[PDB]
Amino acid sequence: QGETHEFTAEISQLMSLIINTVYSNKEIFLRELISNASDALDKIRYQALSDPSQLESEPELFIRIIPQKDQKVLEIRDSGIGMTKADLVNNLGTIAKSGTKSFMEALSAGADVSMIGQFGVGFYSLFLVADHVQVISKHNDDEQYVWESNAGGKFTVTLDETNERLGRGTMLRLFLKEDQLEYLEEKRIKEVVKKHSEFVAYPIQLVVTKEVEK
């Protein structure tokens, strides 16, 4: 119900750095988000090894990429463990993350932005290509929620009464920058996935919309 939270100073600082950088290899955002999806799938698989009923909320383990061309949105969905409301608030903005200042110091020293994941803040690489993001998430322990950020110093968390039910897992909705619309294209997405996400334990599904003609 429109709960507003403030990003910690260090994350606000990181977001500003990333959204404005002219780094040349922006495509690594997709590697980082697929890695987060894979990690979340690892966690529900771990739980399911001891308690198989944890999968009943969504029996299939998958990563799914859904371009929304008309909206200029790229969706990245997983059926991983998901995040409760408290997880969203805690894990995506309010708690000091170990590595945030270290990564910013590495950047000042010449580090390549692709190293962002090694510092535990790979999620924020999405701001290389998007200026607005929604994170829709459903954990077995909670209702479905939407976390939302406009790249500023605040984010919101709201009970989800407007998006498709996930069953279980997380969907990132990336509102792409106007010069980054190549990541809506089937050919481009395939290229980036095959280059940077060759070794993933779960199927990576690409949803493509084609007209029926002739």
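The term rigid core refers to the most C-alpha atoms you can superpose between the two forms while keeping them within 1.5 Å. Sequential numbering from 1, following the sequence displayed.
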Quick check: by Cα RMS after rigid core superposition, does 12 to 20 or 201 to 209 differ more from this form in 9 other deposited structures of this protein? 12 to 20
May I ask which stretch, 154 to 162 or 28 to 36, sits farther from the shown form in 9 other deposited structures of this protein once every structure is superposed on the core, judging by RMS CA distance? 154 to 162
Look over 5 to 13 and 200 to 208 in the entry and identify the one with the greater average Cα temperature factor. 5 to 13
Comparing 168 to 176 with 183 to 191, the one whose average Cα B-factor in the PDB entry is higher: 183 to 191
Sorting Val73, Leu128, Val113, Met83 by Cα temperature factor from the record, which one lands on top? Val113
Among the candidates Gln68, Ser35, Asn150, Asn163, give the one with the maximum CA B-factor reported in the record. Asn150
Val146: CA B-factor among chain residues, third -> lowest
Going by the recorded CA B-factors, say which third of the chain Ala96 sits in, lowest, middle or highest. highest
Please rank the C-alpha B-factors of the chain's modelled residues and tell me whether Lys43 sits in the lowest, middle or highest third. lowest
Taking the entry's C-alpha B-factors for this chain, is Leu61 in the lowest, middle or highest third? lowest
Lowest, middle or highest third of the chain for the C-alpha temperature factor of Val89? middle
